[PDB]
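For reference, the structure discussed in these notes is given below.
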Amino acid sequence: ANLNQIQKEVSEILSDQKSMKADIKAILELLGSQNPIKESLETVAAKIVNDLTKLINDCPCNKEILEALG
Amino acid sequence: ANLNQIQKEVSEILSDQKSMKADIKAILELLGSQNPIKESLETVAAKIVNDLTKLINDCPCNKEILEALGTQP
Amino acid sequence: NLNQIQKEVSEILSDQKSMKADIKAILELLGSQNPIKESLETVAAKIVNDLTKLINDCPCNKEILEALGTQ
Amino acid sequence: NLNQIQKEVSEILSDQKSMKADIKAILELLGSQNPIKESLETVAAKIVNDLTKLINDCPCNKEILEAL
Ligand SMILES: [Cl-]
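Residue numbers (the deposited numbering), protein chains in the order written: chain A, 2 to 71; chain C, 2 to 74; chain B, 3 to 73; chain D, 3 to 70.
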């Protein structure tokens with residue numbers, strides 16, 4: 002009765018992993034499918050500053066003052 | 002040395018692995034909950050640029066200058 | 003034959019041990035940081051507030067008022 | 003029964019060695035990276051500093067002073 006209990010639990014351990022392996026794979030396929038943070042942050046920061054480096058050179062506030070200056 | 006000890010050992014492995022399976026599941030259900038960084042950035046970066054666009058297009062500094070020019074803003 | 007089974011089984015255990023410690027480390031790392039949406043909001047707010055303060059503080063106006071004839 | 007068990011045990015041990023190495027690597031990866039809140043502070047300060055460069059420069063004064 003001893004050996005069978007060991008046989009049962011051993012079979013269960015070995016089975017148990019295969020769904021554990023499926024999960025570890027999913028975590029590695031998930032980590033290696035996203036972009037790095039520093040590359041992502043540069044690209045969006047560079048977009049914020051570009052969009053604003055343009056509107057500030059746009060000089061929206063020049064009009065009304067040039068209206069009064071004629 | 003003996004089958005009795007092996008049995009405790011085997012049971013202990015089994016138990017701990019069960020715990021580990023659940024703990025691994027959690028890691029996955031928590032890297033999975035974390036939604037795209039590349040999508041979260043774009044939405045916030047739009048909100049930053051929108052706000053500061055509203056401010057600039059308000060021309061806060063014209064009031065002082067139009068005052069000197071004798072014209073209402 | 004129970005010697006070899008005992009040696010393997012101890013080595014399975016000893017490894018689960020180190021495995022355990024790593025999952026713990028992974029769960030601590032992930033579990034201990036602000037949601038991505040939360041951390042991006044405080045930074046964004048930081049930026050706007052840092053830039054509003056400068057803009058509202060009207061830096062370029064004195065050069066104009068000087069040229070206009072004021073001071 | 004016994005040789006059966008000795009084989010599943012070898013199989014558990016070997017299959018686990020690969021799991022433990024992948025787990026170590028998951029950790030390796032979440033280490034290679036510096037905290038998200040830590041990298042956002044740095045990229046934020048350059049965003050403001052360089053628009054600070056732009057605004058303090060007064061790109062909109064040239065057109066006003068030309069009328070004065
Ligand atoms: Cl992450």
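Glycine included, each C-beta is placed from N, C-alpha and C at the ideal position.
Asked                                                                                                                    : Found
Where the alpha helix (DSSP H) through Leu70 of chain D begins and ends                                                  : Element bounds for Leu70 of chain D: n/a, residue is neither H nor E.
Residues that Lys48 of chain C contacts on chain B, provided the C-beta gap is smaller than 7 angstroms                  : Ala46
For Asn63 of chain D, the three-state DSSP class (helix, strand or coil)                                                 : helix
Residues in the region 19-42 of chain B having any Cβ partner in chain D nearer than 8 angstroms                         : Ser20, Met21, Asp24, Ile25, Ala27, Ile28, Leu31, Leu32, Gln35, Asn36, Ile38, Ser41, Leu42
Residue-level contact to chain D via CB, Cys60 of chain B, 7 angstroms cutoff                                            : no
Neighbour flag for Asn63 of chain A against chain D, beta carbons, 7 angstroms                                           : yes
Proximity test, Cβ basis, 7 angstroms: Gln8 of chain D and chain B                                                       : yes
Contacts that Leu67 of chain D makes with chain A (C-beta to C-beta distance below 8 angstroms)                          : Going along chain A, no residue has its Cβ under 8 angstroms from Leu67 of chain D, so there is no contact; the nearest lies around 10 angstroms.
Chain A contact residues for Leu53 of chain C, given Cβ-Cβ distances below 7 angstroms                                   : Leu53
Status (buried if at least 16 other CB within 10 Å, exposed otherwise) for residue 76 of chain C                         : Outside the modelled stretch of chain C, which goes from 2 to 74, sits residue 76 of chain C, for which no answer is possible.
For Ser34 of chain C and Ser41 of chain B, the rounded distance between their alpha carbons                              : 16 angstroms
Proximal residues of chain A, C-beta to C-beta of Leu56 of chain D below 9 angstroms                                     : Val50, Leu53, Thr54, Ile57, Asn58
Environment of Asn51 of chain D [buried if 16+ CB atoms lie within 10 Å]                                                 : exposed
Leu29 of chain D beta carbon less than 7 angstroms from that of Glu10 of chain B                                         : no
Beta-carbon proximity of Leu53 of chain D to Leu70 of chain A, cut-off 7 angstroms                                       : no
Simplified DSSP state of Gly33 of chain B, which is helix, strand or coil                                                : helix
Chain D residues whose Cβ lies nearer than 7 angstroms to that of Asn5 of chain B                                        : Simply none; closest approach about 11 angstroms.
Per-residue burial, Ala46 of chain C [other beta carbons within 10 Å of its own, 16 or more giving buried]               : buried
Residue 90 of chain C (DSSP reduced to helix, strand or coil)                                                            : The structure shown has nothing for residue 90 of chain C, since chain C only spans 2 to 74.
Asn36 of chain B classed as buried or exposed, judged by whether at least 16 other C-beta atoms fall within 10 angstroms : exposed
Segment limits, alpha helix (DSSP H) that includes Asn51 of chain B                                                      : 38-57
Helix, strand or coil at residue 83 of chain B according to DSSP, with G and I counted as helix                          : Any property of residue 83 of chain B remains undetermined from this structure, which presents chain B solely from 3 to 73.
Cβ neighbour criterion (16 or more within 10 Å) applied to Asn5 of chain C                                               : exposed
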